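>>> A structural model of the following input is requested.
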Amino acid sequence: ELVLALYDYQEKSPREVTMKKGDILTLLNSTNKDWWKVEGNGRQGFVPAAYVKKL
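Numbering: from 1, shown residues only. Provided below are the atomic coordinates:
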């Protein structure tokens, strides 16, 4: 499934990745309510669930 980045997010921990507002990310794991695992820029890791929107 794909998600739209609603905001920029810069990774702050080893498991996180970075995205730019408007990016279209592949969603890998949305089981946690606060942090979703995505693929962004060839890297896989977590961003805040609230900062992306399922398409």
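>>> Helix, strand, or coil at the residue nearest the centre of the chain?
Among the residues of the chain, the one closest to the centroid is residue 47, at 4.0 Å (C-alpha atoms, centre = their mean). Following DSSP: H, G, I helix; E, B strand; the rest coil, residue 47 is assigned to strand.
>>> Roughly how far does it sit from residue 5?
As judged by C-beta to C-beta, to the nearest Å, residue 47 and residue 5 stand 8 Å apart. All C-beta atoms are positioned from the backbone trio N, CA, C, and that covers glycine.
>>> same deal with residue 11?
Applying C-beta to C-beta, the value for residue 11 to residue 5 is 13 Å.
>>> Settle it for me: which of the two has more neighbours?
Neighbour count, other C-beta atoms under 10 Å: between residue 11 and residue 5, residue 5 has more, with 19 against 15.
>>> quick one: contacts for the more buried one?
Applying C-beta atoms under 8 Å, 6 or more residues apart in numbering, we find residue 5 in contact with 19, 20, 21, 22, 23, 24, 25, 47, 51, 52.
>>> Among those, which lie within strands?
Residues of the contacts of residue 5 located in strands (DSSP state E): 24, 25, 47, 52.
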